[PDB]
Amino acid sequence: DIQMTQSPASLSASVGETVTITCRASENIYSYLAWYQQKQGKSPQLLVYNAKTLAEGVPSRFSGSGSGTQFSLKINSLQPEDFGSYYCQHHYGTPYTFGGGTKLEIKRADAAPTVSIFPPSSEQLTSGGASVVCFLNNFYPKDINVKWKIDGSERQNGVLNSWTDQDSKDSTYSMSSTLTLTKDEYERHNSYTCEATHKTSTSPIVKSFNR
């Protein structure tokens, strides 16, 4: 029953840099340490076993090192596709415990969101619902604010937001904001407005339609 301590919990670094992730065991585990990559929706991919041995297909810029209680994963020449979560796991004996993971973000230039707003489809209106959708696509960094307005006046009830993972090629974030209404509430107002504030501009980026 060996405690495995991973650091850092989270990490931002640029394309081309070397990241160093640490795993420390509470007892000697000799060489029996593995590293896994996980991206959301995907099976863990083995990078390294026996502290230093690369799994088939893993780029050579990945290298594991260490023995006893002190282990390291280095990613040399960090690439946009290297974003995600990294876990150590010992294979010394049961229980085969995992470290807490490291989330690796790729730092990159600032980028302003491309904003688009969509009215409820006619299909959804005939079912008695109304969802107004705003996409805020391809922005960096992650921090953004979305304000809905109905007939010029702010609305915060009925709003659901979700963010993508970092994009594997351009290292940007996207975000979706849905304002969910009844058909009846939607038809009592005309102007629907999505307002994004990002650090890439002082004034908010504004997209709107009018039924």
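Residue numbers here begin at 1 and follow the sequence given.
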item: Average Cα temperature factor in the PDB entry - higher stretch of 48-56, 150-158; value: 150-158
item: Between 199-207 and 5-13 (mean CA B-factor, as deposited), the higher; value: 199-207
item: Assigned third (lowest, middle, highest) for the C-alpha B factor of residue 128; value: highest
item: Third of the chain, ranked by Cα B-factor, where residue 94 sits; value: highest
item: Position of residue 100 among the chain's modelled residues by C-alpha B-factor, lowest, middle or highest third; value: lowest
item: Residue 180 CA temperature factor, ranked by third within the chain; value: highest
item: Residue 37 - which third its CA temperature factor falls in, relative to the rest of the chain; value: lowest
